[PDB]
Structure formats: C-alpha cells, structure tokens
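Trainee: Structure below; questions to follow.
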Amino acid sequence: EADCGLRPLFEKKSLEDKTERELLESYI
Amino acid sequence: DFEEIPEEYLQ
Amino acid sequence: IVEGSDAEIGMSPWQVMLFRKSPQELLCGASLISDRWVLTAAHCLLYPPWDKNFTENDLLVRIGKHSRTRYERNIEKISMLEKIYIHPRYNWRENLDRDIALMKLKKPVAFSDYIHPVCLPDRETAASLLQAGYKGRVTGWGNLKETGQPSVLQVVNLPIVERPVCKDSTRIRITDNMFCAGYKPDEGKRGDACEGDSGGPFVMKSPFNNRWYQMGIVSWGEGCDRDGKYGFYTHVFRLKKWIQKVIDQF
Ligand SMILES: CNC(=O)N1CCN(C(=O)[C@H](Cc2cccc(C(=N)N)c2)NS(=O)(=O)c2cccc(-c3ccc(OC)cc3O)c2)CC1
Ligand SMILES: *[C@@H]1O[C@H](CO)[C@@H](O)[C@H](O)[C@H]1NC(C)=O
Ligand code: NA
Ligand code: NA
C-alpha cells in the first residue's frame, strides 16, 4: 500500500514511540 | 487461558 | 520475547496473531502486508517431521491486538483464511531454508488506528539497512524466557550480526535466505525472540522516508537469549520475487 509503514498513532501524527530513537542511532 | 472469541468466527 | 518490554498501543499495527480454532490457542506471529495478505513463517503451518500440516479451516488471524489472551472487543478484527501458500522450496528436511508463507484472507480487513500494513523492502532499502550493527525490532506474544507468558505484546530492538559470526555460533548450515540478530556476550545488553514469536516480523524504520519495512521473519534459534547464540530470521527481500509472484497470480 502507498501508505505502508506509517503508523496511525505515531508517524501519521508525528509522535515518536519510546525506543525508535535507538534504531536511528544505530544507523551510523 | 484464552478468552473465548465470539462464535461468529468459528462457524 | 526475552528481555523485551510492553509494546505501546498501536506501536506494531501490522502485528498478526495466528490462532488455532480448536483448541483455541496462539500458534504463531505474522504480519499484515496489505488489506488481504498476511506474511508468516512456513514452519508455523507445515513441518512433516512433527506431523504438522495446518489447512485453512484450522486457523484464524487476529489483527489489531495488544493483549495476548483477551478478546479485544471493538479493537481487534478476526479474519478467516481463503488460501495458504508455502514457499515451494521451503526446506523442512534440513534447516528451514526459505522459511516463508503467505495467507490470503477471505475478506479485506478494515484499517484503523490499530490495524495498518508494513512495507516490504525494495532492493535499495535492503542493501542500505540490512547491515551488521544496525538495529531492527522484533515483536510477539511468545515466551518471556526459556521454558512465563506475557500479558500484552512485547517488543525488543536487536542488532543485525555479521554473517561469519552467525555461522560460527551454530552447527546448522546458514544460507543467504537467513540472517541473524542479537547482542554478543561482551556487548552487555540482552534480548531475543522465543517460542511463540515464530512467524512474526523483524522491522526497521527507514531514516530516508520514515517508513517501517519488514526485513525479516522470526524463524528459529537454539534456546532463547543464550550467550553466544543468535536469533535467525528469514531474509524477506531475498524471497520477495516469490512474494510478488504469489500476490500477482492470486
Ligand atoms: C519447526 N517447528 C517449530 O516448532 N519451530 C522451530 C523454531 N523454534 C525454535 O527455534 C525454538 C524457539 C524459538 C523460535 C523462534 C526464534 C527463537 C529465537 N531464539 N530467536 C526461538 N528454539 S528451541 O527451543 O531451541 C527449538 C525447539 C525445537 C526445535 C528447534 C529447531 C531449531 C532450528 C531448526 O532448524 C534450523 C529446527 C528445529 O527443530 C529449536 C520453535 C518453533
Ligand atoms: C500438507 O497437507 C496437504 C493436505 O492434504 C497436502 O496436500 C500437502 O501435500 C501436505 N504437504 C506436505 C509437505 O506434506
Ligand atoms: Na558453524
Ligand atoms: Na544470545
């Protein structure tokens, strides 16, 4: 789907979940 | 220990 | 999930529970990839050495769940299966090579705050993100430790491991259709999938377009969260040609 991977309760409303930052910090 | 699901889904 | 934590509400809206009709029990995890297709592990449905061969009418999929055992009235949606598709070269005789299966739903599921599909990776996203040291995320209702069971969905973030380290941790022949993930003994942090997490998703959030992609499927491990052992995952991109062919043909 063109809307795949965008969560209604997070990305869609620009809220971060409690540990996704850990993922981003590893991509380095 | 699962709660029973509605019968609709088992018919 | 061992050494994980409670998921947040709506944190993994692609999470699917494979549920046996009789007796009523969890069978496996799975994931929602469109309004009518669900992805899981082949071994959740077929393993002849143990006389396991589920047909469509044996199973249900429960979508939008958080609580493991509760019927989440007005939140979860339960779907019946139209058809099961196992990878034709799923190697149940040796090492679960190509441990993947698709399930077509009898009817599309309505998306909601709690129900939403995950993306599947393109070649570029796979090559960019499926790198040693990069962390993905595993979710499931499986065991909390080597066996006990969670009240709600569990989540843990784990690093992808270098392929030679994966191979040197096991006697099993590791193929290009597998990757492994988890912390090394000297890294201090812990965490793993376990029994009951089988078939669930290993996802990564793209830093380029901020979308979640399913890179792996929980496939197997030797014990759970054992030092010097790692969880093994089906390499979703490597089998995406089979995925596309199934959904296009059917
Ligand atoms: C095929 N049937 C079957 O039921 N599933 C096989 C996978 N599976 C496990 O790996 C479990 C729990 C588990 C599941 C998923 C991830 C992890 C992890 N730690 N990331 C741990 N681990 S186990 O208890 O050591 C054990 C018990 C019995 C058989 C095997 C087994 C392993 C590998 C294999 O080929 C490579 C064949 C096997 O038979 C392993 C249970 C679910
Ligand atoms: C699983 O069971 C179905 C139902 O008869 C059968 O057609 C299929 O060949 C079986 N698969 C294997 C690998 O035994
Ligand atoms: Na080895
Ligand atoms: Na380990």
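The chains in the structure tokens are called A, B, ... from first to last as shown; in each chain the residues are counted from 1, and the ligands are counted from 1 in the order shown.
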Output as a tab-separated table one row per residue of chain C within 9 Å of chain A: the closest atom pair and its distance in Å to one decimal place, counting only C-alpha atoms, sorted by chain and residue number ascending.
Mentor:
```
residue	atom	partner	partner_atom	distance
C:8	CA	A:17	CA	7.3
C:9	CA	A:9	CA	8.0
C:10	CA	A:9	CA	5.9
C:11	CA	A:17	CA	7.1
C:12	CA	A:7	CA	7.9
C:13	CA	A:7	CA	6.9
C:14	CA	A:5	CA	8.5
C:33	CA	A:4	CA	7.9
C:34	CA	A:1	CA	6.3
C:35	CA	A:1	CA	8.4
C:112	CA	A:8	CA	7.5
C:113	CA	A:8	CA	5.1
C:114	CA	A:8	CA	7.5
C:115	CA	A:8	CA	8.5
C:116	CA	A:7	CA	6.8
C:117	CA	A:4	CA	5.4
C:118	CA	A:5	CA	4.4
C:119	CA	A:4	CA	5.0
C:120	CA	A:4	CA	8.5
C:129	CA	A:27	CA	7.7
C:131	CA	A:27	CA	8.8
C:133	CA	A:26	CA	6.8
C:134	CA	A:26	CA	5.1
C:135	CA	A:23	CA	5.2
C:136	CA	A:23	CA	6.5
C:137	CA	A:23	CA	8.1
C:156	CA	A:19	CA	8.9
C:157	CA	A:23	CA	7.3
C:158	CA	A:23	CA	8.7
C:159	CA	A:26	CA	8.1
C:204	CA	A:23	CA	7.5
C:205	CA	A:23	CA	7.3
C:206	CA	A:24	CA	8.4
C:207	CA	A:24	CA	6.8
C:210	CA	A:11	CA	7.6
C:211	CA	A:5	CA	4.6
C:212	CA	A:5	CA	4.3
C:213	CA	A:5	CA	6.4
C:214	CA	A:5	CA	8.9
```
Trainee: Within 6 Å of ligand 1 (counting only C-alpha atoms and all ligand atoms), which residues show up? I'd like them as a PyMOL selection string.
Mentor: chain C and resi 43+47+95-96+192-195+197-198+218-224+231-232
Trainee: Please, which residues have at least one atom within 12 Å of an atom of ligand 2, using only C-alpha atoms and all ligand atoms, listed as a list in words?
Mentor: residues 42, 43, 45, 46, 47, 48, 49, 50, 51, 52, 53, 54, 55, 56, 57, 58, 84, 85, 86, 87, 88, 89, 90, 91, 92 and 93 of chain C
Trainee: Would you mind listing, as a PyMOL selection string, all residues of chain B that have at least one atom within 8 Å of chain C, where only C-alpha atoms are what counts?
Mentor: chain B and resi 1-5+9-10
Trainee: Write the residues of the selection above to a file with N, CA and C atoms, as a PDB file, in the first residue's frame.
Mentor:
```
ATOM      1  N   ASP B   1      -5.287 -20.266  28.497  1.00  0.00           N
ATOM      2  CA  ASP B   1      -6.008 -19.292  29.309  1.00  0.00           C
ATOM      3  C   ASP B   1      -6.611 -18.180  28.456  1.00  0.00           C
ATOM      4  N   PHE B   2      -7.036 -18.512  27.238  1.00  0.00           N
ATOM      5  CA  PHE B   2      -7.531 -17.509  26.303  1.00  0.00           C
ATOM      6  C   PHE B   2      -9.017 -17.251  26.493  1.00  0.00           C
ATOM      7  N   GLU B   3      -9.392 -15.978  26.455  1.00  0.00           N
ATOM      8  CA  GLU B   3     -10.801 -15.624  26.458  1.00  0.00           C
ATOM      9  C   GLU B   3     -11.460 -16.154  25.192  1.00  0.00           C
ATOM     10  N   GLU B   4     -12.663 -16.696  25.346  1.00  0.00           N
ATOM     11  CA  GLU B   4     -13.381 -17.236  24.202  1.00  0.00           C
ATOM     12  C   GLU B   4     -13.642 -16.125  23.198  1.00  0.00           C
ATOM     13  N   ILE B   5     -13.510 -16.445  21.919  1.00  0.00           N
ATOM     14  CA  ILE B   5     -13.795 -15.456  20.884  1.00  0.00           C
ATOM     15  C   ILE B   5     -15.259 -15.621  20.497  1.00  0.00           C
ATOM     16  N   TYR B   9     -16.934 -16.273  14.499  1.00  0.00           N
ATOM     17  CA  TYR B   9     -15.688 -16.546  13.809  1.00  0.00           C
ATOM     18  C   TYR B   9     -15.357 -18.017  13.759  1.00  0.00           C
ATOM     19  N   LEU B  10     -16.165 -18.869  14.382  1.00  0.00           N
ATOM     20  CA  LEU B  10     -15.871 -20.303  14.412  1.00  0.00           C
ATOM     21  C   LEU B  10     -16.879 -21.137  13.616  1.00  0.00           C
TER      22      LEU B  10
END
```
Trainee: Could I get the residues of chain C with an atom no further than 9 Å from an atom of ligand 4, each paired with its nearest atom pair and that distance in Å to one decimal, using only C-alpha atoms and all ligand atoms, sorted by chain and residue number, as JSON lines?
Mentor:
```
{"residue": "C:181", "atom": "CA", "partner": "ligand 4", "partner_atom_place_in_ligand_line": "1 (Na)", "distance": 8.7}
{"residue": "C:182", "atom": "CA", "partner": "ligand 4", "partner_atom_place_in_ligand_line": "1 (Na)", "distance": 5.9}
{"residue": "C:183", "atom": "CA", "partner": "ligand 4", "partner_atom_place_in_ligand_line": "1 (Na)", "distance": 6.0}
{"residue": "C:184", "atom": "CA", "partner": "ligand 4", "partner_atom_place_in_ligand_line": "1 (Na)", "distance": 6.4}
{"residue": "C:185", "atom": "CA", "partner": "ligand 4", "partner_atom_place_in_ligand_line": "1 (Na)", "distance": 7.0}
{"residue": "C:190", "atom": "CA", "partner": "ligand 4", "partner_atom_place_in_ligand_line": "1 (Na)", "distance": 6.9}
{"residue": "C:191", "atom": "CA", "partner": "ligand 4", "partner_atom_place_in_ligand_line": "1 (Na)", "distance": 7.1}
{"residue": "C:192", "atom": "CA", "partner": "ligand 4", "partner_atom_place_in_ligand_line": "1 (Na)", "distance": 6.9}
{"residue": "C:223", "atom": "CA", "partner": "ligand 4", "partner_atom_place_in_ligand_line": "1 (Na)", "distance": 8.9}
{"residue": "C:224", "atom": "CA", "partner": "ligand 4", "partner_atom_place_in_ligand_line": "1 (Na)", "distance": 7.2}
{"residue": "C:225", "atom": "CA", "partner": "ligand 4", "partner_atom_place_in_ligand_line": "1 (Na)", "distance": 4.3}
{"residue": "C:226", "atom": "CA", "partner": "ligand 4", "partner_atom_place_in_ligand_line": "1 (Na)", "distance": 4.2}
{"residue": "C:227", "atom": "CA", "partner": "ligand 4", "partner_atom_place_in_ligand_line": "1 (Na)", "distance": 4.2}
{"residue": "C:228", "atom": "CA", "partner": "ligand 4", "partner_atom_place_in_ligand_line": "1 (Na)", "distance": 5.1}
{"residue": "C:229", "atom": "CA", "partner": "ligand 4", "partner_atom_place_in_ligand_line": "1 (Na)", "distance": 4.2}
{"residue": "C:230", "atom": "CA", "partner": "ligand 4", "partner_atom_place_in_ligand_line": "1 (Na)", "distance": 4.8}
{"residue": "C:231", "atom": "CA", "partner": "ligand 4", "partner_atom_place_in_ligand_line": "1 (Na)", "distance": 7.5}
```
Trainee: Could you please extract the residues within 8 Å of ligand 3, counting only C-alpha atoms and all ligand atoms, and hand them back as a list in words?
Mentor: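 Counting only what the definition allows, namely only C-alpha atoms and all ligand atoms, the set is residues 166, 167, 168, 169, 170, 171, 172 and 173 of chain C.
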Trainee: Next, dump the selected residues to file, keeping only N, CA, C and O atoms, as a PDB file, in the first residue's frame.
Mentor:
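Result written to selection25.pdb:
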```
ATOM      1  N   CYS C 166      27.395 -15.178  12.773  1.00  0.00           N
ATOM      2  CA  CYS C 166      26.198 -16.023  12.759  1.00  0.00           C
ATOM      3  C   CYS C 166      26.557 -17.480  12.478  1.00  0.00           C
ATOM      4  O   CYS C 166      26.096 -18.393  13.174  1.00  0.00           O
ATOM      5  N   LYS C 167      27.354 -17.712  11.439  1.00  0.00           N
ATOM      6  CA  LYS C 167      27.668 -19.081  11.050  1.00  0.00           C
ATOM      7  C   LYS C 167      28.480 -19.794  12.125  1.00  0.00           C
ATOM      8  O   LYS C 167      28.295 -20.997  12.351  1.00  0.00           O
ATOM      9  N   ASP C 168      29.378 -19.074  12.797  1.00  0.00           N
ATOM     10  CA  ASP C 168      30.259 -19.681  13.790  1.00  0.00           C
ATOM     11  C   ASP C 168      29.573 -19.919  15.129  1.00  0.00           C
ATOM     12  O   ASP C 168      30.204 -20.452  16.048  1.00  0.00           O
ATOM     13  N   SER C 169      28.304 -19.552  15.266  1.00  0.00           N
ATOM     14  CA  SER C 169      27.588 -19.775  16.509  1.00  0.00           C
ATOM     15  C   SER C 169      26.760 -21.050  16.486  1.00  0.00           C
ATOM     16  O   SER C 169      26.099 -21.357  17.477  1.00  0.00           O
ATOM     17  N   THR C 170      26.762 -21.788  15.381  1.00  0.00           N
ATOM     18  CA  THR C 170      25.822 -22.883  15.201  1.00  0.00           C
ATOM     19  C   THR C 170      26.448 -23.943  14.305  1.00  0.00           C
ATOM     20  O   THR C 170      27.362 -23.669  13.520  1.00  0.00           O
ATOM     21  N   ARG C 171      25.949 -25.169  14.438  1.00  0.00           N
ATOM     22  CA  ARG C 171      26.297 -26.235  13.511  1.00  0.00           C
ATOM     23  C   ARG C 171      25.369 -26.269  12.309  1.00  0.00           C
ATOM     24  O   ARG C 171      25.656 -26.985  11.345  1.00  0.00           O
ATOM     25  N   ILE C 172      24.268 -25.513  12.350  1.00  0.00           N
ATOM     26  CA  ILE C 172      23.295 -25.509  11.265  1.00  0.00           C
ATOM     27  C   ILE C 172      23.877 -24.789  10.057  1.00  0.00           C
ATOM     28  O   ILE C 172      24.567 -23.772  10.195  1.00  0.00           O
ATOM     29  N   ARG C 173      23.601 -25.313   8.863  1.00  0.00           N
ATOM     30  CA  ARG C 173      24.061 -24.688   7.626  1.00  0.00           C
ATOM     31  C   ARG C 173      23.226 -23.439   7.358  1.00  0.00           C
ATOM     32  O   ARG C 173      22.024 -23.533   7.081  1.00  0.00           O
TER      33      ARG C 173
END
```
Trainee: Tell me, which residues of range 97-233 of chain C carry DSSP strand (DSSP E or B), written as a JSON list (two decimals) with C-alpha atoms, in the first residue's frame?
Mentor:
```json
[["chain", "number", "residue", "atom", "x", "y", "z"],
["C", 97, "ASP", "CA", 15.77, -22.59, 4.33],
["C", 101, "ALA", "CA", 4.43, -18.43, 3.77],
["C", 102, "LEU", "CA", 1.60, -16.16, 2.66],
["C", 103, "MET", "CA", -2.03, -16.29, 3.77],
["C", 104, "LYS", "CA", -4.81, -14.68, 1.72],
["C", 105, "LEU", "CA", -7.76, -13.51, 3.82],
["C", 112, "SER", "CA", -7.74, 1.55, 11.79],
["C", 115, "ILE", "CA", -4.51, -2.12, 12.05],
["C", 119, "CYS", "CA", 6.14, -2.09, 3.90],
["C", 135, "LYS", "CA", 19.20, -2.45, 14.81],
["C", 136, "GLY", "CA", 15.81, -3.84, 13.89],
["C", 137, "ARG", "CA", 12.79, -4.57, 16.05],
["C", 138, "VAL", "CA", 11.07, -7.86, 16.92],
["C", 139, "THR", "CA", 7.60, -8.15, 18.44],
["C", 140, "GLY", "CA", 5.50, -11.04, 19.65],
["C", 152, "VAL", "CA", 0.49, -7.92, 26.26],
["C", 154, "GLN", "CA", 6.34, -7.49, 23.74],
["C", 155, "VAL", "CA", 8.99, -5.59, 21.79],
["C", 156, "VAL", "CA", 12.80, -5.66, 21.66],
["C", 157, "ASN", "CA", 15.33, -3.90, 19.44],
["C", 158, "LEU", "CA", 18.31, -6.04, 18.32],
["C", 159, "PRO", "CA", 21.41, -5.51, 16.15],
["C", 160, "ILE", "CA", 22.00, -7.43, 12.92],
["C", 178, "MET", "CA", 18.72, -16.19, 6.50],
["C", 179, "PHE", "CA", 20.30, -13.52, 8.65],
["C", 180, "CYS", "CA", 20.84, -13.45, 12.40],
["C", 181, "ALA", "CA", 20.45, -10.77, 15.04],
["C", 192, "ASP", "CA", 15.81, -12.47, 21.75],
["C", 201, "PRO", "CA", 8.16, -9.55, 11.96],
["C", 202, "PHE", "CA", 11.67, -8.11, 12.24],
["C", 203, "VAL", "CA", 11.24, -4.49, 11.11],
["C", 204, "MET", "CA", 13.43, -1.46, 10.57],
["C", 205, "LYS", "CA", 12.42, 2.19, 10.27],
["C", 212, "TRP", "CA", 8.77, 0.80, 8.66],
["C", 213, "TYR", "CA", 9.95, -2.10, 6.49],
["C", 214, "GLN", "CA", 9.77, -5.79, 7.36],
["C", 215, "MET", "CA", 13.28, -7.14, 6.70],
["C", 216, "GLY", "CA", 12.93, -10.49, 8.49],
["C", 217, "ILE", "CA", 10.57, -13.15, 9.78],
["C", 218, "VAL", "CA", 11.23, -14.84, 13.14],
["C", 219, "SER", "CA", 12.43, -18.29, 12.09],
["C", 220, "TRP", "CA", 14.48, -20.21, 14.69],
["C", 231, "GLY", "CA", 18.13, -15.43, 16.57],
["C", 232, "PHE", "CA", 17.74, -16.40, 12.92],
["C", 233, "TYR", "CA", 15.33, -14.65, 10.57]]
```
Trainee: Could you give me, as a PyMOL selection string, each residue of range 78-245 of chain C that DSSP assigns to helix (DSSP H, G or I) when run on this structure's backbone?
Mentor: chain C and resi 123-129+163-168+185-187+237-245
Trainee: If you measure from CA of residue 234 in chain C to CA of residue 200 in chain C, what distance in Å do you get, rounded to one decimal?
Mentor: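 Computing it gives 10.3 Å between the two atoms.
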